[PDB]
Structure formats: C-alpha cells, structure tokens
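# Working through the structure, step by step
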Amino acid sequence: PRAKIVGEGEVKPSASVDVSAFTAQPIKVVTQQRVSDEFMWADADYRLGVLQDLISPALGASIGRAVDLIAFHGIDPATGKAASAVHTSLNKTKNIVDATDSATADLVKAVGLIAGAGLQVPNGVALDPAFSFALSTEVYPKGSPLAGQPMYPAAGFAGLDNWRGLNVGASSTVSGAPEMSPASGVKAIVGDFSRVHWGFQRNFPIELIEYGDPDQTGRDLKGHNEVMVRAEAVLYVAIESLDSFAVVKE
Amino acid sequence: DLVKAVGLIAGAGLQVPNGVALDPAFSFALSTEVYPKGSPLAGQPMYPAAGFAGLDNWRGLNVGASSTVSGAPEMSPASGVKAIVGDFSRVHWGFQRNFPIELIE
Amino acid sequence: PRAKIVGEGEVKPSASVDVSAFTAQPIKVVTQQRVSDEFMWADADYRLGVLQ
Amino acid sequence: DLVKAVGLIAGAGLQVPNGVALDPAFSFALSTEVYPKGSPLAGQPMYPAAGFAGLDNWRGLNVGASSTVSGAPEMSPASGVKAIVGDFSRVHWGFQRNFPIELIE
C-alpha cells in the first residue's frame, strides 16, 4: 500500500487490498498397453523378464513425464495439443530470453529477469538434454584468459548435479520433443520452484487387467486372449505466479 | 557508469561519497558483472563473494537495493534513475513519533 | 508410452510398444603355421624359444 | 597509464621509483582485479585501486590518495593531473615554523 502526506486539517484517506486466489482441479492420468497371452507365456518360460524389468518402469515413468508435461506446457501427452481445464502452464510467461551461443551467459540473464524484478531468487533449473550438454562442456571463449579450459571441471560429458547456487535437473520433458508436434523451442525454465505446488492425491501401482474391455475398442480381453497393463494416477498442478519464472527460447 | 558517477563527485573534491543505492535490476547487473575485455580475468566474476544476491558493501561504500530509487509502482512513469551515489552522512532523517498497527472499530 | 488426461466417465485409451531386433551370424576364424621337424630340433638344441 | 608512467621513470634502468600520489577520481578508475589461485601473490591487489582497505603499499611503492593532486576546488579549470610517480626522496619539504590556532581580538 501507499501512504499519503497529510496536513493537520486534511483528510486521512484509505487504500485497497490486492488479493488473487488461484485454484487447481485434480486430474487423473491413465497409461495402457495391450499385451497378448502368447507373449505372456513367452516371457515366463523363455526367461526374459520383460514385464517387471522393461515394461513396468516405462509406465511408471509415463506418469512422471505426464506431470512435467502438465506443469510446463499444459497439454495431454497423448494428443499433444492443448489440455482443457488446466488454464495456465509454466512456459506461457512474459519473461523470455533470446537464445545465445553461450549457454552460461544466457542462463544468467534468465535468473536476472527474476532477481531484477524483486522476486525471491530462483533455486531451480530444468533444461533440455541438448542445452544440458552444451552447459556442461561450455569451454571459455577464444581470446579470453582461461580459454580452452572447461568452465565446469567435474562435468565430463555428464549433466550437472548442481549449478552456481541453483539446483539443476535435466529431462526431455522441457522441450517435449516426442510429445509435442512442432516442439516449443524452450531450452530451459528457471525459477523459484516453491511457487509451484504439485501433488499425487492418488498414486496406484501397476494394475494388471485380465477381463472386460478397458480400451473400449470393442475387443474384449478374453475373446482375443490378451492381457492389459495399466497405470493410473491422480495429480494436481498449481502455480502461485508467473512473473517468477524465466524461459530460454531458441 | 558507477565509477563515472563517483568520478563526478570526487572530481571537485567534496569528499569521496560513502553511500550507494541501486534499483533491483541494476543491483543484480552489478552483482553479476564481468570484467570487460582488454583486461586479465576477462570472463571471470568481478564480485565472486556474492552470487545472485546484492552486495553488502561495494569498494568501501555501503549499498542498498530497493525498488524505491526508481519508484516503479508508486511513480506513474518510472523515473530514469537506476542508481544514486553520494555522501549519505549529509541526509538527516528520522521518526519523531512512530505508532504500532492500530485497529479502529 | 504417453499418458492421457481423462474425466469422470470419459474413455480411457491405450498406447503401443515399438520393439526391434538384431541378428549376428557366428564366424569361424583360423590360422596355421608350417614348421619343419628339422626346425623344432634346433628349437630345443640351441634353446631358443622360437616355438615356445 | 600507470604502468607506462612508472615505466617512463624506471625504463632507462636509472632512478628507482617509490611513492605514488593518486587522485580520488583516478583511484576508482583502476580495476579491482586480483591474482588467481594458480600463480603466487594469490589474493593480493593487482593495482592501488580504492576498494581495498588499509593499502599503503603496492609493488614496493608507497601509495597515498588526496584531492590535491587533481587541483581540488583550489584550481578552477583543474590541472588535469591524475597521478604522480617518482622517487619522493628527491623532495625536501619542511615546516620552518608552525604556529597553532590564534584568536585576534
């Protein structure tokens, strides 16, 4: 609020309070794979261990990717269009930084768009694997003093566990390379990730269906001798603001 | 630009200023500035002590970073002032009487 | 696989798997040396381990 | 300019320099660069500068900053001088008689 200069006789006025309430609706996500029994006996007696060692973590991760895809772009991962009843996503913000040849120089601008407004200094960085690789092996420019040497010594062609203060995680869910069709040219989102509240209201394990018609394509699961492997979860994504997030766009 | 500013004050004597005040953006740009080329350590952080956080003191001068030196929300057009340097021992201020939060019913 | 947002009463769809395979044929490799028996005697006479 | 200045006196291999007179507007013009970890003299001021506290010595030379060297409010168009480097053992100054403060009634 803004105070006002008042004389001995003048009137002491009032101000208005600015309040903004945000709401997030719970969304359930499903992931189904239609396997045949002829395969099921095969992985059993041929000894390959396909379901427990290969297929299950694919769905268990298919949820984790769904969360990020909701938080960053607000799309239903399957269709890859624009998910309804999600309203806002992390990408759609006013703070944009033009991608430069120097990654380290372009990230420090992104954190600048947040720390320069008066917000709490960012503590989280999420970047695409390509830009994540460019950041790790970013050797000093030519002509500079410590040229040729790596800006980060313990990189070694591997993603950084920690940056200059901030916590860094790298995944392909930032650009959404396979999910989205034109692929939003986002290299990295940077910000205070305490401004985003997310959670699993209901997280089920891996369900194995032997009956009925879960895919709803007519084909039943005992008329075609096929099993169903499904993974369902209930999650929510709320964002307190958007002026506390910067985006590096190509 | 800041050294130019202190140069204008120290140029005509008047004692070297001891106080600085910066706009948040200018403060960040100061905390993360790097030596310009044509110098050793070009590419290295000029103030490695503070990362992404405003300085406590700058080259013997006390610094403070608030959005008031620009007056971004209060002023209708943001005054061009980004930073102000001077001998803040001159400025005399004070609360003659301060009241706690009052509830009028 | 890609998850899918569904509502109360909305159809829960399915995805697929993209498998593949590779093959390798076993190859037989040999190498032979022709050593006269007159040489193996000198190999043990002058005690120069040429064959050992 | 400072290095070329000390190079002008110490260049012929004659007259070893000592003692440097600086101006407040020129003390800030100097970079606050510091030697890295790799080389010796690590964590030591590379130049007189102005940000460092209690710096009276630099590369074996004495350092003192005053507004007098520039010309101060004393001069009107300013002498333009920023720094003076040379063996100050060649200067013999002195007070032949120093009187205290006196009140003429």
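Residues numbered from 1 in each chain as written, not as in the entry; some residues may be left out. Chains lettered and ligands numbered in written order. Part of a larger assembly, values for the part shown. Heavy atoms only, no water.

Within the PDB entry, the label attached to chain B reads major capsid protein, and the organism entered is Propionibacterium phage PA6. Looking at the PDB record, one finds the entry titled "Capsid Structure of the Propionibacterium acnes Bacteriophage ATCC_Clear".

The PDB entry annotates chain A as major capsid protein originating from Propionibacterium phage PA6.

## Overview of the arrangement of the chains
Threshold: The contact definition used throughout considers only heavy atoms, calling two residues in contact when any of these lie within 4.5 Å.
With three pairs of chains in contact overall, the contact-richest pair is chains A and C. Spatially, chain B is disjoint from chain C: no contact exists, and the shortest C-alpha separation is 38 Å. Of all C-alpha pairs spanning chain C and chain D, none lies closer than 51 Å, and the two are not in contact.

## What about the interface of chain B and chain A?
By convention, interface size is frequently given as the accessible area that disappears when the constituent parts associate. Defined as follows: Two parts placed together each lose some accessible area; with a 1.4 Å probe, that loss summed over both constitutes the buried area. Any pair of N or O atoms that falls within 3.5 Å is considered a polar contact. Within protein, one atom must be able to donate a hydrogen and the other to accept it, and sequence-neighbouring residues count only if both atoms are side-chain atoms.
Tallying the contact residues gives eleven residues for chain B and 14 residues for chain A. In terms of surface lost to chain A, no three residues of chain B exceed B:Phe28, B:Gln44 and B:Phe52, which account for 53% of the buried area on that side. Taken together, chain B and chain A are joined by three residue pairs in polar contact.

## A short note on the pattern of salt bridges
Applied cut-off: Any carboxyl oxygen of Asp or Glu that lies within 4 Å of a side-chain nitrogen of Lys or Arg is treated as forming a salt bridge with it. For the purposes of this entry, the term helix denotes a DSSP run of H or I that reaches at least four residues, the term strand denotes a run of E that reaches at least two, and both are numbered from the N terminus. The classification of residues rests on relative accessible area computed with a 1.4 Å probe and restricted to protein chains. Under 20% of the type maximum is buried, over 50% is exposed, and intermediate values are partly exposed.
With the rule as written, the count across this model stands at ten salt bridges over all chains. Among the salt bridges present, the one from C:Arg2 reaches A:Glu179, with a minimum N-O distance of 3.9 Å. Here A:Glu179 lies in the loop between strand 4 (167-170) and strand 5 (186-191) and C:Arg2 lies in the segment before strand 1 (4-6), a pairing that spans two chains. Given the relative accessible area of 8%, A:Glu179 is considered buried. For A:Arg195, the salt bridge is made with A:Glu240, and the minimal N-O distance between the two is 3.1 Å. Taken together, the positions of A:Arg195 in the loop between strand 5 and strand 6 (196-209) and A:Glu240 in the loop between strand 7 (226-239) and strand 8 (245-249) put the pair 45 residues apart, joining distant regions of the chain. A relative accessible area of 36% means that A:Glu240 is categorised as partly exposed. In this structure, a network of salt bridges that share partners links the residues A:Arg34, A:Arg219 and A:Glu226.

## Considering the interface of chain C and chain A
Heads up, the condition is: Here the nonpolar group is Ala, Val, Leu, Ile, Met, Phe, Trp, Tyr, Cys and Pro; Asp, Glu, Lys and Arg are the charged ones; every other residue, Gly included, is treated as polar. Any two strands are treated as partners once DSSP identifies two or more bridges connecting them.
Each side of the interface is counted separately: chain C has 13 residues, and chain A has 25 residues. Across the chain C to chain A interface the summed buried area is about 1700 Å²; carbon plus sulfur atoms make up 57%. At the boundary of chain C with chain A, the tally comes to one salt bridge. Taken together, the links from chain C to chain A amount to eleven residue pairs in polar contact. Tallied by class, residues from the side of chain C that touches chain A come to eight nonpolar, two polar and three charged. Here strand 1 (residues 27-36) of chain A runs beside strand 1 of chain C; their pairing, made up of three bridges, is antiparallel. Note on strand 1 of chain C: the bridge partner recorded for A:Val29 is C:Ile5.

## Some remarks on the domain arrangement of chain A
Residue and element names in this part refer to chain A. Threshold: Domain extents, as shown, originate in an automatic or database domain assignment.
Structurally, chain A comprises domain 1 (1-92 + 195-240) and domain 2 (93-194 + 241-250). On a C-alpha basis, the centres of domain 1 and domain 2 stand 25 Å from each other. Taken together, the contact pairs 17 residues of domain 1 with 22 residues of domain 2. Around 1800 Å² of area is buried between domain 1 and domain 2 when both sides are counted, 56% of it from carbon and sulfur atoms. Ranking the residues of domain 1 by area buried against domain 2 places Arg65, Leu90 and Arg195 at the top, with a combined share of 35%. On the surface where domain 1 and domain 2 come into contact, there are two salt bridges.

## Things to note about the sheet that holds strand 7 of chain A
Backbone-to-backbone hydrogen bonds join strands into a sheet, with any given pair of strands oriented parallel or antiparallel. Here is the rule we go by: Here, axes are lines fitted to C-alpha atoms. For helices the fit covers the stretch in contact, and angles between N-to-C directions go from 0 to 180 degrees.
Ordered in space as 6(A)-7(A)-1(A)-1(C), the four strands form an open sheet in which the pairing is antiparallel. Each end of this open sheet is capped by a strand with a single partner; those strands are strand 6 of chain A together with strand 1 of chain C. Put simply, the sheet's adjacent strands are angled 30° from each other on average, direction ignored. Sheet topology places strand 6 of chain A next to strand 7 of chain A; eleven bridges connect them, and they run antiparallel.

## So, the sheet that holds strand 2 (residues 57-58) of chain B
All names here are of chain B. Spatially, the four strands line up as an open sheet ordered 2-3-1-4, and their pairing is mixed. The open sheet is flanked by strand 2 and strand 4 (83-86), the only strands paired with a single partner. Summarising the sheet, strand 1 (residues 19-22) and strand 3 (residues 61-65) pair through four bridges and their orientation is parallel. When the bridges of strand 3 are listed, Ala21 appears paired with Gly64. Against the sheet, helix 1 (residues 2-11) contacts strand 1, strand 2 and strand 4, and its axis sits at roughly 35° relative to strand 4. In the packing of helix 2 (residues 24-31) onto the sheet, contacts are made with strand 1, strand 2, strand 3 and strand 4, and the angle to strand 1 comes to roughly 110°.

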